[PDB]
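Below: the structure, in structure tokens.
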Amino acid sequence: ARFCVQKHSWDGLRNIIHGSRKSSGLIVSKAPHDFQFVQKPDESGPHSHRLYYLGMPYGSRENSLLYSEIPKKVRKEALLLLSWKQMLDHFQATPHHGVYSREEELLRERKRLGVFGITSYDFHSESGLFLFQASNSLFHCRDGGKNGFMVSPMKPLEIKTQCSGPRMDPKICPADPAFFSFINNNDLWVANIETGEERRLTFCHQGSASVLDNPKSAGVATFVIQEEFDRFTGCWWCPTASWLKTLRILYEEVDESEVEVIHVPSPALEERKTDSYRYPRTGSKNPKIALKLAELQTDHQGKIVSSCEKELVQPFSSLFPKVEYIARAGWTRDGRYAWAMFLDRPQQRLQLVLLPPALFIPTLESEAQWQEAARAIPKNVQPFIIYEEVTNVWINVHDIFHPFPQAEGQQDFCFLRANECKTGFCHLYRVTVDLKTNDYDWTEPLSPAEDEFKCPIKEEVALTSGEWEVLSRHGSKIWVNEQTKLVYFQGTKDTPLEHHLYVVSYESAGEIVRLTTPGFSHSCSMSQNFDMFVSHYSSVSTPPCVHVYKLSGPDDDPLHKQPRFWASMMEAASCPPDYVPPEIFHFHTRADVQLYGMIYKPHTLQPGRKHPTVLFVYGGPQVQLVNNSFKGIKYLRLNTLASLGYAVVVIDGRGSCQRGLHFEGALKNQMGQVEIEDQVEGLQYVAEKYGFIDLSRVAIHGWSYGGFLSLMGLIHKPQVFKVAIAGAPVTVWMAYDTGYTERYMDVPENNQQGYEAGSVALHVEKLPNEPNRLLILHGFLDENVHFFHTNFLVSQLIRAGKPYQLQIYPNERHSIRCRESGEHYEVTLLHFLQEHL
Amino acid sequence: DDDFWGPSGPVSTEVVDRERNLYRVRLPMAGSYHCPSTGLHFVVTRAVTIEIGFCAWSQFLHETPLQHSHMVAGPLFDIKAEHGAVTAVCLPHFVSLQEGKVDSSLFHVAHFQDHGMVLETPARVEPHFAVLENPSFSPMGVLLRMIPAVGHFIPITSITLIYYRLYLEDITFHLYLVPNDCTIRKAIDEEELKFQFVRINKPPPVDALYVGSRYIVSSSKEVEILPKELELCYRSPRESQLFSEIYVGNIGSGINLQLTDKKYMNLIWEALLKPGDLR
Amino acid sequence: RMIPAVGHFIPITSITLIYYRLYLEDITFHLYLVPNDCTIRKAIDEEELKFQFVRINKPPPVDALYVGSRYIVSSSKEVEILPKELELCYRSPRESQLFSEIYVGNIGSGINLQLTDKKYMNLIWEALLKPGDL
């Protein structure tokens, strides 16, 4: 009755994988990136907008800056497919042979950029100035405003310098586009573009070129912040110039003296040398942080006359105790305040704080002069904790925050805020708060209480509500139009499997209006004028397409402006030759909880049959595997698995994202113990609904959390899973960083019971005695989850005698990048199932 | 014939510039003409100087992301005339339809501009062309959706080209197998000419071949054959096209060149070439 | 935490250009392995024409090769290859253009020329050079 997979040779498997990748259907390899819309005067030509973005038009394997003219009065019956015009004439932006310096390659690994060339850029609208980093250094060009829009590509101008290392993180000053800033050799620098002069404002890094001896850093994000909170900057420009022209820059200075150091092999294997990282493991000490200003004054010709740098009149750690992280920070649009978001250590109390620039005084070591600065501060200057969010599960960190430029109402301060711990779901709120003052005496030090600078709420109006949530992470934002009192956002109001665009009046919280067509998942970006928007969407059965829409309608009622399809920038492909799109389903558990999923039913199926199955699994938080998007290019190996006769079952059990807090809050302090029961419950269900599932031959397979879950299944459910192929697993939980483990697992001092039963390396005696029931894969250069985790597991297997197999990827970090390591990963994957399942 | 075929009489087709194949003919009256060498058809109401020019798809496509969703379906022409001169135009396309395997709605006509490209729907699809009423003079060609370069194995009314070189009691054969396009044929003939490789005409495959399908070239007389398996794929006339080199060195009057599918070993095309048929 | 992304790679088309020069009876061949493009041929044609070299048309590889592969140039022993390997990779047009030269005294009955995959030993190309092409 059963069905036995065909046996192939090793070269045969290599050939079928090479063929399945050749038949991919000529993917674009990149969709148009972040856009910018620039209006044009109508008398200048037939077009009305110019649209700038990033992409690779299949020509080169190099992401590049492109633009397109948005026509005027396009005719309806015929589809218009906009061009992709080059903007930099024959300028390659990847380094020679595609090898990056260690700083920028580590940053690319932190951002997961798998493309070469210009990855991001900074753009000043008024001057129309483009500034970016390409090859090994900074470049800039001008197309927008006074220069007049271009027709032919033009040459980018290299910014000459005298620094040694690489110039990181360029940022154009909004108040004046003649200057910019950057990070060099772990310190901060400000430079001019016209006069070519530079200046250094921070003196923290010795430059001794040894991570061990120079721990301090200024205006740069540490590791745990980059990885587990997704903030890739440490400096921020003040958007207004104060009156000589004075400019401000808020930045942070980190002190990593007491952070534990570890060694990681380097991409140069022959040297047999390692690189050291400040890696704070769970329970250890995080670095010391602080916030500092850095003024600088210029004259009419653009010369930096003075350049000071100030600090809080009290030690940062004194005004704000129980503060472990700086999630986000920035200014308001008038320049009257600088704000930041503080997280405590258990990650259960986030709070917005508002800081006036007047609280920053120059660094005066002479105690006599310092007591003069602490005397000259105005009375109404003090920190303002506008908002505080306390939960019982954990605080997910949002970027969504939009303060309104206040008129001469000295008491009030109104802003939107996507709060999530109030109802259990991420919803927008319009909150107005009165900035109460106390007229502190900064000369005498103060030990702040729990409610020192907390200002009382005047109103708190929910704008959205229901059993759904507003997209707030992974680069999702909101667009607020203050001429019509609206707010555009993205959420899952329709169904948890789709991302749609919405709009609602933030003055009167009326009815929400969807702006995208149902049946797809949309990733869209508005215009700054709120008349056009581009949407990138797809579905399970359709590859992505990128259309541009134009909001038309009567000007008196702006809420109901109808979205008109204007033009297209990319069409679907449908991947016809060998791709059967999976089928989404959903079931209930015995605890009455709805879960979703998908199944790749085997090709060439026959009734009264049974196929070997492969329960693909990630299971970890902040990841949703089942949604109505095109999985055809991301996970196509699962289609190849199905093409041979395997039945792939994906299931997003309790713990995943996009379903609220109380749903995700099932992992708290029980990580590992609960996610498998949802996988086996959702695997036995498919045995009822469908009949081709052979529960005798059940595999399991994951990566970096599913690798951890692959091992937990084989321990807890040895009779359900025959084999188990773990990938870059997390074996011991006491050797992972603070930003992630403490969020969910509550440092071992408190959860030593759960750390024991969650670490899979401490239960090695329950693994199978029989051979050929465990494969292990890990990358050698991995710095996210180090090779130690696999290395310590193998050590525990030998102390008990259990068999295993192992595959190491020497030139691969946490993500398989080169194709030869990708092919060899899949070729060896099929071969294990072919023989031992 | 190369001249436009009309009821009154074939109009003399004068070439302006052979380095770009600029032709220009005078429609002497109203009515409906056609040219088979290009596969074009025209329906006009006056006597008008029409200007026909060839141009490669690639140089207009280098900016647009078209080529990953719609596949090139025919030769891309360039038409010039007065506005109220041409009523109907019929653009050729090599896509096979006779079995109805592919739908008759997925076709489109290209209309290039500085903005981008406009993708019109033909007024009528026919087993060898697409109809367009009242055209706006631009570079125009036929497009087919579904990116069938690897998918849908859409039938292609392909053709086969044979080129030869004698060189003192020897013979060497260049065998091209391409989609049906006048631009590709012309580019191949040009590039072969500067090598003294002259063409010889032979009936094409009378069946609908498939995209990306392998085709083993062989013969009865055992000779030298360089690429055993050709492909049936599309590549712009400005590039170089695959073919097969055959050192036939004929010692017998009839050499039966032949090609065979690789998937099902079915025989498709055969042609026996004799001496004397050359110069 | 995000699931690691396996990279996607597609092979590309390519051509192989054969050039020759005859001094008295010795032949110097110039073999070019280059991705199939337009500008590169009409550039390399002039670059070789400067040194009185000329082209000889031979079919390109049918298979789609990956960018970054290495290929052993093999023949029958009567040839001399100063570079024994070729490399398929994009190249800036205004910059230098790599090739492999071959020295042979007298061709006579024609010489074989083969490219072979370094990693798997695949015969992905061939050419039976004869004096007729000269």
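Chain labels A, B, ... are given in the sequence in which chains occur in the structure tokens; within each chain residues are numbered consecutively from 1, and ligands are likewise numbered from 1 in the order shown.
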For chain C, list the residues within 9 Å of chain B, counting only C-alpha atoms, and write the list as a list in words.
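Output check: residues 15, 36, 37, 38, 41, 56, 57, 58, 59, 60, 61, 62, 125, 126, 127, 128 and 132 of chain C.
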How would you write, as number ranges by chain, the set of residues in segment 151-262 of chain B that DSSP gives as helix (DSSP H, G or I)?
B: 182-193
To one decimal place in Å, what is the distance between atom CA of residue 114 of chain C and atom CA of residue 87 of chain C?
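Straight-line distance from atom CA of residue 114 of chain C to atom CA of residue 87 of chain C works out to 14.1 Å.
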At what distance in Å, to one decimal, does atom CA of residue 288 of chain A lie from atom CA of residue 211 of chain A?
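One can read the atom CA of residue 211 of chain A to atom CA of residue 288 of chain A distance as 16.1 Å.
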Which residues of chain A come within 8 Å of chain B, and for each one, what is the closest pair of atoms and their distance in Å to one decimal, counting only C-alpha atoms, sorted by chain and residue number, as a Markdown table?
| residue | atom | partner | partner_atom | distance |
| --- | --- | --- | --- | --- |
| A:23 | CA | B:150 | CA | 6.2 |
| A:25 | CA | B:150 | CA | 6.2 |
| A:26 | CA | B:68 | CA | 6.2 |
| A:27 | CA | B:68 | CA | 6.9 |
| A:28 | CA | B:68 | CA | 7.0 |
| A:47 | CA | B:115 | CA | 8.0 |
| A:57 | CA | B:65 | CA | 6.1 |
| A:58 | CA | B:65 | CA | 7.8 |
| A:59 | CA | B:62 | CA | 7.8 |
| A:68 | CA | B:115 | CA | 7.6 |
| A:69 | CA | B:115 | CA | 6.0 |
| A:70 | CA | B:115 | CA | 7.2 |
| A:71 | CA | B:115 | CA | 6.4 |
| A:77 | CA | B:120 | CA | 7.6 |
| A:78 | CA | B:120 | CA | 4.9 |
| A:79 | CA | B:119 | CA | 5.1 |
| A:80 | CA | B:118 | CA | 4.4 |
| A:81 | CA | B:117 | CA | 5.1 |
| A:82 | CA | B:116 | CA | 4.3 |
| A:83 | CA | B:116 | CA | 4.5 |
| A:84 | CA | B:63 | CA | 5.1 |
| A:85 | CA | B:63 | CA | 6.0 |
| A:86 | CA | B:63 | CA | 7.9 |
| A:569 | CA | B:65 | CA | 7.5 |
| A:570 | CA | B:65 | CA | 6.4 |
| A:571 | CA | B:69 | CA | 5.8 |
| A:572 | CA | B:69 | CA | 6.0 |
| A:573 | CA | B:69 | CA | 5.0 |
| A:574 | CA | B:146 | CA | 6.6 |
| A:575 | CA | B:151 | CA | 6.8 |
| A:576 | CA | B:151 | CA | 5.1 |
| A:577 | CA | B:151 | CA | 4.5 |
Output file for the selection above: N, CA, C and O atoms, as a short mmCIF file (atom, residue, chain, number, x, y, z; two decimals), in the first residue's frame:
data_model
loop_
_atom_site.label_atom_id
_atom_site.label_comp_id
_atom_site.auth_asym_id
_atom_site.auth_seq_id
_atom_site.Cartn_x
_atom_site.Cartn_y
_atom_site.Cartn_z
N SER A 23 15.37 25.62 -13.91
CA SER A 23 13.97 25.85 -14.24
C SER A 23 13.28 26.80 -13.27
O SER A 23 12.06 26.75 -13.14
N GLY A 25 12.68 29.81 -13.60
CA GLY A 25 11.81 30.71 -14.33
C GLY A 25 12.31 32.14 -14.35
O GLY A 25 11.51 33.08 -14.32
N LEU A 26 13.64 32.30 -14.40
CA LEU A 26 14.28 33.60 -14.62
C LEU A 26 13.72 34.67 -13.68
O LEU A 26 13.05 35.62 -14.09
N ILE A 27 13.97 34.48 -12.39
CA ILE A 27 13.52 35.43 -11.38
C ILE A 27 14.28 36.74 -11.54
O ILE A 27 15.35 36.78 -12.16
N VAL A 28 13.73 37.83 -10.98
CA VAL A 28 14.34 39.15 -11.13
C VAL A 28 15.51 39.30 -10.17
O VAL A 28 16.38 40.17 -10.35
N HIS A 47 5.50 64.46 -18.13
CA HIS A 47 5.38 63.70 -16.90
C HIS A 47 4.96 64.61 -15.75
O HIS A 47 4.87 65.83 -15.88
N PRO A 57 18.03 45.30 -12.79
CA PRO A 57 17.11 44.90 -13.86
C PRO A 57 17.59 43.68 -14.63
O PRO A 57 17.58 43.64 -15.87
N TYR A 58 18.07 42.68 -13.89
CA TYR A 58 18.52 41.40 -14.44
C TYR A 58 19.76 41.56 -15.32
O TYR A 58 20.35 40.56 -15.75
N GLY A 59 20.18 42.79 -15.55
CA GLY A 59 21.34 43.03 -16.38
C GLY A 59 22.60 42.59 -15.69
O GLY A 59 23.27 41.65 -16.13
N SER A 68 12.31 56.54 -12.66
CA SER A 68 11.30 56.40 -13.70
C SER A 68 10.38 57.61 -13.67
O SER A 68 10.02 58.10 -12.60
N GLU A 69 10.00 58.09 -14.85
CA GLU A 69 9.03 59.16 -14.95
C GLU A 69 7.62 58.61 -14.91
O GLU A 69 7.27 57.69 -15.66
N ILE A 70 6.79 59.18 -14.04
CA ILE A 70 5.39 58.81 -13.93
C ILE A 70 4.62 59.64 -14.96
O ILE A 70 4.60 60.87 -14.85
N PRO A 71 4.00 59.02 -15.96
CA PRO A 71 3.33 59.80 -17.00
C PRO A 71 2.12 60.54 -16.45
O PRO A 71 1.70 60.36 -15.31
N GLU A 77 -7.22 51.41 -21.41
CA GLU A 77 -7.36 50.11 -22.04
C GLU A 77 -6.05 49.36 -22.20
O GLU A 77 -6.07 48.14 -22.39
N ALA A 78 -4.91 50.04 -22.11
CA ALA A 78 -3.62 49.44 -22.41
C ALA A 78 -2.69 49.58 -21.21
O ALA A 78 -2.52 50.68 -20.67
N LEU A 79 -2.08 48.46 -20.81
CA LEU A 79 -1.19 48.44 -19.66
C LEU A 79 0.13 49.14 -19.98
O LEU A 79 0.74 48.89 -21.03
N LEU A 80 0.56 50.00 -19.08
CA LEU A 80 1.80 50.75 -19.21
C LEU A 80 2.84 50.17 -18.26
O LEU A 80 2.58 50.04 -17.06
N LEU A 81 4.01 49.83 -18.80
CA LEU A 81 5.06 49.14 -18.07
C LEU A 81 6.26 50.08 -18.01
O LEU A 81 7.02 50.17 -18.98
N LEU A 82 6.41 50.76 -16.89
CA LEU A 82 7.40 51.84 -16.78
C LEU A 82 8.81 51.32 -16.99
O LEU A 82 9.11 50.14 -16.78
N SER A 83 9.70 52.21 -17.42
CA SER A 83 11.08 51.84 -17.63
C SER A 83 11.86 51.90 -16.32
O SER A 83 11.39 52.40 -15.30
N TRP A 84 13.08 51.38 -16.38
CA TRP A 84 14.05 51.47 -15.28
C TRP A 84 15.26 52.19 -15.85
O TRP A 84 16.13 51.57 -16.47
N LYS A 85 15.32 53.51 -15.66
CA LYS A 85 16.40 54.32 -16.18
C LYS A 85 17.58 54.30 -15.23
O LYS A 85 17.41 54.46 -14.02
N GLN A 86 18.78 54.11 -15.77
CA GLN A 86 19.98 54.23 -14.96
C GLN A 86 20.22 55.68 -14.59
O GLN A 86 19.78 56.61 -15.27
N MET A 569 5.42 48.33 -12.65
CA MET A 569 6.88 48.30 -12.69
C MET A 569 7.43 46.89 -12.77
O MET A 569 8.64 46.73 -12.98
N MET A 570 6.59 45.87 -12.61
CA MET A 570 7.02 44.48 -12.65
C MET A 570 5.78 43.61 -12.68
O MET A 570 4.80 43.91 -12.00
N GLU A 571 5.83 42.53 -13.45
CA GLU A 571 4.70 41.62 -13.60
C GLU A 571 5.04 40.25 -13.03
O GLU A 571 6.20 39.95 -12.72
N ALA A 572 4.02 39.42 -12.88
CA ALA A 572 4.21 38.08 -12.35
C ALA A 572 4.80 37.16 -13.42
O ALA A 572 4.98 37.54 -14.58
N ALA A 573 5.09 35.92 -13.02
CA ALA A 573 5.70 34.95 -13.93
C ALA A 573 4.91 33.65 -13.97
O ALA A 573 4.85 32.97 -15.00
N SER A 574 4.31 33.29 -12.83
CA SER A 574 3.45 32.15 -12.55
C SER A 574 4.20 30.82 -12.41
O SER A 574 3.61 29.85 -11.94
N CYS A 575 5.53 30.85 -12.63
CA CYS A 575 6.40 29.65 -12.50
C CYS A 575 5.68 28.37 -12.94
O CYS A 575 5.53 27.45 -12.10
N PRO A 576 5.24 28.25 -14.21
CA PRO A 576 4.48 27.08 -14.68
C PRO A 576 5.05 25.65 -14.81
O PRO A 576 4.28 24.74 -14.55
N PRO A 577 6.32 25.39 -15.18
CA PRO A 577 6.78 24.01 -15.49
C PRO A 577 6.72 22.94 -14.40
O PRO A 577 6.34 21.83 -14.73
#
What residues in chain A lie within 7 Å of chain C, counting only C-alpha atoms, written as number ranges by chain?
A: 21-22, 623, 703, 814-819, 822
How close does each residue of segment 67-117 of chain B get to segment 20-36 of chain B, giving the shortest atom pair and distance in Å to one decimal for every residue with an atom at most 12 Å away, counting only C-alpha atoms, sorted by chain and residue number, as JSON lines?
{"residue": "B:77", "atom": "CA", "partner": "B:22", "partner_atom": "CA", "distance": 10.6}
{"residue": "B:78", "atom": "CA", "partner": "B:22", "partner_atom": "CA", "distance": 9.5}
{"residue": "B:79", "atom": "CA", "partner": "B:24", "partner_atom": "CA", "distance": 9.5}
{"residue": "B:80", "atom": "CA", "partner": "B:24", "partner_atom": "CA", "distance": 9.0}
{"residue": "B:81", "atom": "CA", "partner": "B:24", "partner_atom": "CA", "distance": 9.9}
{"residue": "B:82", "atom": "CA", "partner": "B:27", "partner_atom": "CA", "distance": 12.0}
{"residue": "B:85", "atom": "CA", "partner": "B:30", "partner_atom": "CA", "distance": 9.5}
{"residue": "B:86", "atom": "CA", "partner": "B:30", "partner_atom": "CA", "distance": 9.4}
{"residue": "B:87", "atom": "CA", "partner": "B:32", "partner_atom": "CA", "distance": 9.8}
{"residue": "B:88", "atom": "CA", "partner": "B:32", "partner_atom": "CA", "distance": 8.8}
{"residue": "B:89", "atom": "CA", "partner": "B:34", "partner_atom": "CA", "distance": 9.5}
{"residue": "B:90", "atom": "CA", "partner": "B:34", "partner_atom": "CA", "distance": 8.7}
{"residue": "B:91", "atom": "CA", "partner": "B:34", "partner_atom": "CA", "distance": 10.4}
{"residue": "B:92", "atom": "CA", "partner": "B:36", "partner_atom": "CA", "distance": 9.4}
For those residues, write N, CA, C and O atoms to a file as a PDB file, in the first residue's frame.
ATOM      1  N   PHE B  77       9.332  45.484 -35.564  1.00  0.00           N
ATOM      2  CA  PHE B  77       9.468  46.346 -36.727  1.00  0.00           C
ATOM      3  C   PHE B  77       9.352  47.812 -36.328  1.00  0.00           C
ATOM      4  O   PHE B  77       9.001  48.152 -35.198  1.00  0.00           O
ATOM      5  N   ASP B  78       9.650  48.685 -37.286  1.00  0.00           N
ATOM      6  CA  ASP B  78       9.541  50.127 -37.110  1.00  0.00           C
ATOM      7  C   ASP B  78       8.863  50.693 -38.343  1.00  0.00           C
ATOM      8  O   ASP B  78       9.370  50.537 -39.457  1.00  0.00           O
ATOM      9  N   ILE B  79       7.721  51.342 -38.148  1.00  0.00           N
ATOM     10  CA  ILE B  79       6.863  51.766 -39.242  1.00  0.00           C
ATOM     11  C   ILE B  79       6.763  53.284 -39.246  1.00  0.00           C
ATOM     12  O   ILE B  79       6.659  53.913 -38.187  1.00  0.00           O
ATOM     13  N   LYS B  80       6.801  53.865 -40.442  1.00  0.00           N
ATOM     14  CA  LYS B  80       6.643  55.301 -40.616  1.00  0.00           C
ATOM     15  C   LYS B  80       5.693  55.552 -41.776  1.00  0.00           C
ATOM     16  O   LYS B  80       5.756  54.869 -42.801  1.00  0.00           O
ATOM     17  N   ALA B  81       4.823  56.540 -41.611  1.00  0.00           N
ATOM     18  CA  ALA B  81       3.883  56.948 -42.655  1.00  0.00           C
ATOM     19  C   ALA B  81       3.232  58.257 -42.225  1.00  0.00           C
ATOM     20  O   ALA B  81       3.619  58.863 -41.219  1.00  0.00           O
ATOM     21  N   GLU B  82       2.246  58.698 -43.002  1.00  0.00           N
ATOM     22  CA  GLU B  82       1.354  59.759 -42.568  1.00  0.00           C
ATOM     23  C   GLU B  82       0.310  59.190 -41.608  1.00  0.00           C
ATOM     24  O   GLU B  82       0.043  57.986 -41.584  1.00  0.00           O
ATOM     25  N   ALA B  85      -3.184  57.265 -42.908  1.00  0.00           N
ATOM     26  CA  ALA B  85      -2.740  56.509 -44.071  1.00  0.00           C
ATOM     27  C   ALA B  85      -3.035  55.021 -43.939  1.00  0.00           C
ATOM     28  O   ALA B  85      -3.639  54.426 -44.836  1.00  0.00           O
ATOM     29  N   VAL B  86      -2.623  54.402 -42.840  1.00  0.00           N
ATOM     30  CA  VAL B  86      -2.760  52.964 -42.647  1.00  0.00           C
ATOM     31  C   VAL B  86      -3.932  52.698 -41.717  1.00  0.00           C
ATOM     32  O   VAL B  86      -4.052  53.313 -40.650  1.00  0.00           O
ATOM     33  N   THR B  87      -4.811  51.788 -42.129  1.00  0.00           N
ATOM     34  CA  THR B  87      -5.954  51.395 -41.316  1.00  0.00           C
ATOM     35  C   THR B  87      -5.642  50.167 -40.472  1.00  0.00           C
ATOM     36  O   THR B  87      -5.798  50.193 -39.247  1.00  0.00           O
ATOM     37  N   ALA B  88      -5.201  49.086 -41.108  1.00  0.00           N
ATOM     38  CA  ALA B  88      -4.920  47.842 -40.409  1.00  0.00           C
ATOM     39  C   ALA B  88      -3.488  47.408 -40.675  1.00  0.00           C
ATOM     40  O   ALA B  88      -3.001  47.519 -41.802  1.00  0.00           O
ATOM     41  N   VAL B  89      -2.822  46.916 -39.637  1.00  0.00           N
ATOM     42  CA  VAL B  89      -1.516  46.295 -39.774  1.00  0.00           C
ATOM     43  C   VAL B  89      -1.595  44.914 -39.138  1.00  0.00           C
ATOM     44  O   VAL B  89      -2.371  44.671 -38.211  1.00  0.00           O
ATOM     45  N   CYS B  90      -0.808  43.990 -39.674  1.00  0.00           N
ATOM     46  CA  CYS B  90      -0.779  42.621 -39.174  1.00  0.00           C
ATOM     47  C   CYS B  90       0.678  42.241 -38.977  1.00  0.00           C
ATOM     48  O   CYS B  90       1.422  42.110 -39.958  1.00  0.00           O
ATOM     49  N   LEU B  91       1.065  42.067 -37.706  1.00  0.00           N
ATOM     50  CA  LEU B  91       2.420  41.768 -37.256  1.00  0.00           C
ATOM     51  C   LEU B  91       2.607  40.266 -37.128  1.00  0.00           C
ATOM     52  O   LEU B  91       1.779  39.599 -36.500  1.00  0.00           O
ATOM     53  N   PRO B  92       3.670  39.705 -37.698  1.00  0.00           N
ATOM     54  CA  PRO B  92       3.872  38.257 -37.622  1.00  0.00           C
ATOM     55  C   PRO B  92       4.303  37.824 -36.233  1.00  0.00           C
ATOM     56  O   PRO B  92       4.781  38.625 -35.426  1.00  0.00           O
TER      57      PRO B  92
END
Shortest interatomic distance to residue 133 of chain C - which of B:272, B:48, B:257, B:196, counting only C-alpha atoms:
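Among the listed residues, B:196 lies closest to residue 133 of chain C.
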May I have the residues within 10 Å of residue 183 of chain B as a PyMOL selection string, using only C-alpha atoms and disregarding those fewer than 3 positions away in the same chain?
chain B and resi 21+38+54-57+74-77+180+186-189+236-238
